[PDB]
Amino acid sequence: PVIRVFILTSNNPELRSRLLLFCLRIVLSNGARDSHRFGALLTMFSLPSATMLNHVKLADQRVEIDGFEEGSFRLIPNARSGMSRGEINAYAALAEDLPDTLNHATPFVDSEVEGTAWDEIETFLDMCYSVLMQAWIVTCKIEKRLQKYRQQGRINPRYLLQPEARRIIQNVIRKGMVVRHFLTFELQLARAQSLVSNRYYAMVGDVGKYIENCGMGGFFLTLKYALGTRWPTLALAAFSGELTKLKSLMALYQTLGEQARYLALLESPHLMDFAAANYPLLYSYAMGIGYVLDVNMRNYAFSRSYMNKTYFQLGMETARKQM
């Protein structure tokens, strides 16, 4: 179970482009195994990231930096300082093993993208940022986000992937614990600035806003509307148990520190400790209070099976009476 991350020995953009389009095919190939997909996906994410490359060296948490790319492909197989003949032909075969659902045997909706001469650095970085931004979009929680990132120029429409190619990357990221571990570092560096909003990390920080604290909505809404008000109804005995439970959950969030905002992405077992099912009374009390106080609370779902119908009405009545 070796996860090989390819590193190149040259900045020249034609080699960077060929390595990305080669790794993209492995991720989407029929015959590759997860281990091959995780390593090729990490190679794509590290190409614009001098910091992830600094976390791929022996680190982290295994990952062997196969690197050693002189390294231009002869055509589609590699030339390695590192390893063997049989793996060169095997990787070359995997790159041409695309599923039939992708038109013209290419991941892109435009059949003449891979044939482009990747002569200049801007045509690679525009291609690399467009492909990785489509990856970032499917890694958490897509319908209309692509329409937004198209109009904002964060994804060049020329480099759009076919929908099947997006869904495969979505599941490879979902299955890859190691891939998502390195994605957290990119989100952590996305915030706290990079190069007066480096075009890549400015986009990552924007996507970060969606990923951070995913699945903590019921927890924070309960902390806001039920415990931020400090109203006398909180002293009902039926809240006494969930009060101390929310106190341990709050202590737990503080103890986790930096990893607290990335529980959903890091596959933390603590994430569903924060689900509203563990405090359904105070949650229904908080939803009733929010229904009255906040205009954005409606229309919310309110369709959860553990939502108490009467404690929702207590919250409404407690909040409405600000007279």
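Residue indices: 1-based, along the sequence shown.
Original post:
Unmodelled stretch from the deposited sequence between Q61 and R62, which bin: none, 1 to 3, 4 to 9, 10 or more?
Top reply: 4 to 9 residues lack coordinates between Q61 and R62.
Subject >> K141 to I142: deposited residues without atomic coordinates >> reply: 10 or more residues are missing.
**OP:** Between 182-190 and 112-120, point out the one with the higher average CA B-factor as the PDB entry records it.
**Re:** Comparing averages over the C-alpha atoms only gives 112-120.
**OP:** Using only the Cα atoms and their B-factors as the entry lists them, report which of 235-243 and 87-95 averages higher.
**Re:** The recorded data point to 87-95.
Original post:
Which is it among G67, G31, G257, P280: the one with the largest CA B-factor in the entry?
Top reply: When the deposited C-alpha B-factors of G67, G31, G257, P280 are compared, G67 is largest.
Original post:
Among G217, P157, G82, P107, which carries the highest Cα B-factor?
Top reply: Comparing C-alpha B-factors across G217, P157, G82, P107, the top value belongs to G82.
**OP:** Check where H270 lands among this chain's C-alpha B-factors and tell me if it's the lowest, middle or highest third.
**Re:** Lowest third, going by the recorded CA B-factors of the chain.
Subject >> Where the record places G153 (Cα B-factor, split into thirds across the chain) >> reply: Its C-alpha B-factor, which the entry lists for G153, ranks in the middle third among residues of this chain.
Original post:
What third of its chain, lowest, middle or highest, does the C-alpha temperature factor of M287 fall into?
Top reply: Ranked within chain, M287 CA B lands in the lowest tercile.
Original post:
Lowest, middle or highest third: where is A301 by C-alpha B factor in its chain?
Top reply: For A301, the deposited C-alpha B-factor lands in the highest third.
Original post:
Considering only modelled residues of the same chain, in which third does the CA B-factor of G208 rank: lowest, middle or highest?
Top reply: Middle third.
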